[PDB]
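**Q** If you scroll down you'll find the structure; I have some questions about it.
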Amino acid sequence: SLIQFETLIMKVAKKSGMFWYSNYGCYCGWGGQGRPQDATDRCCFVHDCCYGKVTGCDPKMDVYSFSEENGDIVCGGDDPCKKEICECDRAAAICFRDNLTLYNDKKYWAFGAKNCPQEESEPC
Ligand SMILES: *CC(=O)c1ccc(Br)cc1
Ligand SMILES: [Ca+2]
């Protein structure tokens, strides 16, 4: 669920999703169009595409299971579809953590729709 995605961002990237990734660039926020503007924005774009490929369950609402083990987040449970959602959230949390060197809200927060042209939308 989205609450769990916020939780994974806090655990992995040591940052809040709502404070740092909810309106950054073209894609770190709900939906999106245009080009991923930088490495953090591309992490959100891939997360959108991953969610778009989940068939059978709901990435917003459904609750997945995970454990911390061997220094990593391990997605689990008995449901393949819910584990797919967890994998999308875990990959994006690690992607955020790994691209903190580049993060730049001064340049990219509330980047604006003109800057994210419908015609430049990179396909998944
Ligand atoms: C999938 C993803 O990264 C993302 C980020 C922020 C919001 Br709000 C929704 C989705
Ligand atoms: Ca988005």
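If you're wondering about the labels, chains in the structure tokens are A, B, ... by order shown, residues count from 1 in each chain, ligands from 1 in order shown.
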Please find the residues contacting ligand 2 at a distance of at most 9 Å between atoms, with only C-alpha atoms and all ligand atoms counted, and report them as a VMD selection string.
**A** chain A and resid 22 to 23 26 to 33 41 44 to 49
**Q** So, counting only C-alpha atoms and all ligand atoms, which residue among A:95, A:102, A:81, A:10 is closest to ligand 1?
**A**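 Of all the options, A:95 lies closest to ligand 1.
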**Q** Between A:87, A:98, A:4, A:113, which one has atoms that come closest to residue A:50, using only C-alpha atoms?
**A** A:87
**Q** Which residue out of A:79, A:89, A:122, A:84 has the minimum interatomic distance to ligand 1 when only C-alpha atoms and all ligand atoms are used?
**A**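 The answer is A:89, which sits nearest to ligand 1.
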**Q** Have a look at A:112, A:38, A:93, A:82 and name the one nearest to ligand 1; count only C-alpha atoms and all ligand atoms.
**A**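 Of A:112, A:38, A:93, A:82, the one nearest ligand 1 is A:93, counting only C-alpha atoms and all ligand atoms.
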**Q** For atom CA of residue A:92 and atom CA of residue A:80, quote the distance in Å rounded to one decimal.
**A**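 Distance reported for this atom pair: 18.7 Å.
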**Q** Please return, as a VMD selection string, all residues of stretch 2-124 of chain A that DSSP assigns to alpha helix (DSSP H) on the basis of the backbone.
**A** chain A and resid 2 to 13 17 to 20 39 to 52 80 to 98 105 to 108
**Q** Please identify which residues in stretch 10-122 of chain A DSSP calls strand (DSSP E or B) from the backbone, and express them as a ChimeraX atom specification.
**A** /A:24,28,65-69,72-76,109
**Q** Could you write out the selected residues, including N, CA and C atoms, as a PDB file, in the first residue's frame?
**A**
```
ATOM      1  N   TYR A  24       8.393  16.152  -7.351  1.00  0.00           N
ATOM      2  CA  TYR A  24       9.724  16.415  -7.849  1.00  0.00           C
ATOM      3  C   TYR A  24       9.783  15.983  -9.330  1.00  0.00           C
ATOM      4  N   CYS A  28       8.027  12.208 -10.017  1.00  0.00           N
ATOM      5  CA  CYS A  28       7.920  11.933  -8.595  1.00  0.00           C
ATOM      6  C   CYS A  28       6.710  12.688  -8.064  1.00  0.00           C
ATOM      7  N   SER A  65       3.721  -8.144   2.423  1.00  0.00           N
ATOM      8  CA  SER A  65       4.481  -8.531   3.601  1.00  0.00           C
ATOM      9  C   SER A  65       5.949  -8.424   3.242  1.00  0.00           C
ATOM     10  N   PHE A  66       6.792  -8.130   4.225  1.00  0.00           N
ATOM     11  CA  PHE A  66       8.232  -8.059   4.023  1.00  0.00           C
ATOM     12  C   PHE A  66       8.952  -8.288   5.346  1.00  0.00           C
ATOM     13  N   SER A  67      10.227  -8.629   5.308  1.00  0.00           N
ATOM     14  CA  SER A  67      11.005  -8.787   6.524  1.00  0.00           C
ATOM     15  C   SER A  67      12.346  -8.160   6.247  1.00  0.00           C
ATOM     16  N   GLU A  68      13.107  -7.825   7.278  1.00  0.00           N
ATOM     17  CA  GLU A  68      14.445  -7.296   7.092  1.00  0.00           C
ATOM     18  C   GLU A  68      15.379  -8.465   7.376  1.00  0.00           C
ATOM     19  N   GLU A  69      16.318  -8.753   6.473  1.00  0.00           N
ATOM     20  CA  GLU A  69      17.161  -9.920   6.617  1.00  0.00           C
ATOM     21  C   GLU A  69      18.409  -9.694   5.823  1.00  0.00           C
ATOM     22  N   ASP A  72      18.916  -6.444   3.934  1.00  0.00           N
ATOM     23  CA  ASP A  72      18.067  -6.114   2.807  1.00  0.00           C
ATOM     24  C   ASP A  72      16.580  -6.229   3.183  1.00  0.00           C
ATOM     25  N   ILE A  73      15.709  -5.635   2.355  1.00  0.00           N
ATOM     26  CA  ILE A  73      14.257  -5.756   2.498  1.00  0.00           C
ATOM     27  C   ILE A  73      13.905  -6.997   1.680  1.00  0.00           C
ATOM     28  N   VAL A  74      13.236  -7.988   2.249  1.00  0.00           N
ATOM     29  CA  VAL A  74      12.865  -9.183   1.511  1.00  0.00           C
ATOM     30  C   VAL A  74      11.339  -9.183   1.387  1.00  0.00           C
ATOM     31  N   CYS A  75      10.791  -9.063   0.177  1.00  0.00           N
ATOM     32  CA  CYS A  75       9.356  -9.092  -0.038  1.00  0.00           C
ATOM     33  C   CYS A  75       8.863 -10.528   0.097  1.00  0.00           C
ATOM     34  N   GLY A  76       7.754 -10.773   0.790  1.00  0.00           N
ATOM     35  CA  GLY A  76       7.288 -12.134   0.985  1.00  0.00           C
ATOM     36  C   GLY A  76       5.789 -12.284   0.882  1.00  0.00           C
ATOM     37  N   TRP A 109      11.667  20.688  -7.752  1.00  0.00           N
ATOM     38  CA  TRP A 109      10.361  20.623  -7.085  1.00  0.00           C
ATOM     39  C   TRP A 109       9.347  21.471  -7.846  1.00  0.00           C
TER      40      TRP A 109
END
```
**Q** Which neighbours of stretch 58-61 of chain A fall inside 8 Å, counting only C-alpha atoms, when residues of the same chain fewer than 2 positions from it are skipped, and could you give them as a list in words?
**A**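 Contacts, with the query itself left out: residues 1, 2, 51, 54, 56, 63, 82 and 85 of chain A.
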**Q** For the selection just defined, write its residues with C-alpha atoms to a file, as an mmCIF file, in the first residue's frame.
**A**
```cif
data_model
loop_
_atom_site.group_PDB
_atom_site.id
_atom_site.type_symbol
_atom_site.label_atom_id
_atom_site.label_comp_id
_atom_site.auth_asym_id
_atom_site.auth_seq_id
_atom_site.Cartn_x
_atom_site.Cartn_y
_atom_site.Cartn_z
ATOM 1 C CA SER A 1 0.000 0.000 0.000
ATOM 2 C CA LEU A 2 1.153 3.594 -0.277
ATOM 3 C CA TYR A 51 2.892 -0.343 -10.875
ATOM 4 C CA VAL A 54 0.732 -5.120 -11.826
ATOM 5 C CA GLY A 56 -4.526 -8.813 -10.220
ATOM 6 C CA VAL A 63 -0.966 -4.606 1.835
ATOM 7 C CA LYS A 82 1.203 -8.499 -3.662
ATOM 8 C CA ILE A 85 3.904 -4.543 -5.583
#
```
